Amino acid sequence: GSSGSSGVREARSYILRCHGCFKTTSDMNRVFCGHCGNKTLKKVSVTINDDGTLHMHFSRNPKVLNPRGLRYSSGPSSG
Ligand SMILES: [Zn+2]
């Protein structure tokens, strides 16, 4: 399948990521949501890869951690 190419302008592939549900819908004009039905949508940028994946750089979150433990064993006494 032949394929040509001509002057390509600057393109900014973006998307709207909901909150209450956190769902993304292909639309940069819509004001409402479908997943849940929120009345507010936040604009977020997205990168494209040869393969075709979406990456959204988010702000690290506070993920605390708990202390670890250890295991032991035992055996006979005599005989
Ligand atoms: Zn929603």
# chains A, B, ... in the order shown; residues from 1 in each chain; ligands from 1

call {"tool": "residues_near_ligand", "arguments": {"ligand": "ligand 1", "cutoff": "6 Å", "atoms": "only C-alpha atoms and all ligand atoms", "output": "PyMOL selection string"}}
result
chain A and resi 18+20-21+23+33-38

call {"tool": "residues_around", "arguments": {"residues": "residue 17 (chain A)", "least_positions_apart": "3", "cutoff": "8 Å", "atoms": "only C-alpha atoms", "output": "ChimeraX atom specification"}}
result
/A:22-25,41-44

call {"tool": "write_last_selection", "arguments": {"atoms": "N, CA and C atoms", "output": "short mmCIF file (atom, residue, chain, number, x, y, z; two decimals), in the first residue's frame"}}
result
data_model
loop_
_atom_site.label_atom_id
_atom_site.label_comp_id
_atom_site.auth_asym_id
_atom_site.auth_seq_id
_atom_site.Cartn_x
_atom_site.Cartn_y
_atom_site.Cartn_z
N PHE A 22 -12.55 9.13 36.36
CA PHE A 22 -11.18 9.08 35.84
C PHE A 22 -11.14 8.39 34.48
N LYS A 23 -12.15 8.65 33.66
CA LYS A 23 -12.23 8.06 32.33
C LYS A 23 -11.91 9.09 31.26
N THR A 24 -11.23 8.64 30.20
CA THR A 24 -10.85 9.53 29.11
C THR A 24 -11.74 9.30 27.89
N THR A 25 -12.22 10.39 27.30
CA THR A 25 -13.08 10.31 26.13
C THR A 25 -12.51 11.12 24.97
N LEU A 41 -14.59 18.51 32.81
CA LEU A 41 -13.53 17.68 32.24
C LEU A 41 -12.21 18.43 32.21
N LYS A 42 -11.14 17.76 32.64
CA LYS A 42 -9.82 18.36 32.67
C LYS A 42 -9.02 17.97 31.43
N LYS A 43 -8.40 18.96 30.79
CA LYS A 43 -7.60 18.73 29.60
C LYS A 43 -6.23 18.17 29.96
N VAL A 44 -5.81 17.12 29.25
CA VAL A 44 -4.52 16.50 29.49
C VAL A 44 -3.84 16.12 28.18
#

call {"tool": "select_by_dssp", "arguments": {"residues": "chain A", "states": "strand (DSSP E or B)", "output": "NGL selection string"}}
result
:A and (14-17 or 24-25 or 42-45 or 47 or 55)

call {"tool": "closest_atom_pairs", "arguments": {"of": "region 33-78 of chain A", "to": "region 6-13 of chain A", "cutoff": "8 Å", "atoms": "only C-alpha atoms", "output": "JSON lines"}}
result
{"residue": "A:45", "atom": "CA", "partner": "A:13", "partner_atom": "CA", "distance": 6.6}
{"residue": "A:46", "atom": "CA", "partner": "A:13", "partner_atom": "CA", "distance": 6.1}
{"residue": "A:47", "atom": "CA", "partner": "A:13", "partner_atom": "CA", "distance": 7.3}
